[PDB]
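Novice:
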Amino acid sequence: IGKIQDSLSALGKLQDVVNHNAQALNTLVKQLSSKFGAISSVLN
Amino acid sequence: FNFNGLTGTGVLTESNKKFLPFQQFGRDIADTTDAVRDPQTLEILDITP
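Chain order of the listed sequences is A and B.
All letters in the first sequence, in the order written, are residues 931 to 939, 944 to 978 by UniProt numbering.
Taking UniProt numbering, the leading residue of the second sequence gets 541, the next gets one more, and so forth.
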């Protein structure tokens with residue numbers, strides 16, 4: 931059991951969950967700077 | 541607020557950033573303005589929602 935710490939000091947499956955949500959939130963915000971063929975991208 | 545063209549909404553507070561001596565405002569990651577410099581007093585102010 932003592933050898934277990936040496937193998938740690944693996945958790946990529948846990949970091950992937952964090953990454954996938956961070957990437958969807960970074961993309962969702964960036965999609966606000968798009969004109970989609972309009973004259974501008976700002977409603978004011 | 542409007543700072544010489546920069547139009548926005550938010551709370552203005554004293555910052556702790558240091559711009560270069562030619563830069564007016566800063567942006568955060570994802571490219572949204574988060575700090576400006578007052579044209580008259582030359583002080584950096586954060587913009588929080």
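Here a beta-carbon is modelled for each residue, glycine too, at the ideal position from N, C-alpha and C.
Determine the contact status of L582/B and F565/B, defining contact as a CB-CB distance below 8 angstroms.
Specialist: no
Novice: State the Cα-Cα distance for the pair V976/A and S939/A, rounded to the nearest angstrom.
Specialist: The alpha-carbon atoms of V976/A and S939/A are separated by roughly 49 angstroms.
Novice: So, with DSSP's three-state summary, where would you put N542/B?
Specialist: In this structure, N542/B counts as strand in the three-state DSSP scheme.
Novice: Going by DSSP, what residues sit across from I587/B in a beta bridge?
Specialist: Bridge partners of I587/B: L552/B.
Novice: Put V576/B into one of helix, strand or coil per three-state DSSP.
Specialist: strand
Novice: Leaving out five residues on either side along the sequence, give the residues of the same chain with a beta carbon under 6 angstroms from the beta carbon of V551/B.
Specialist: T588
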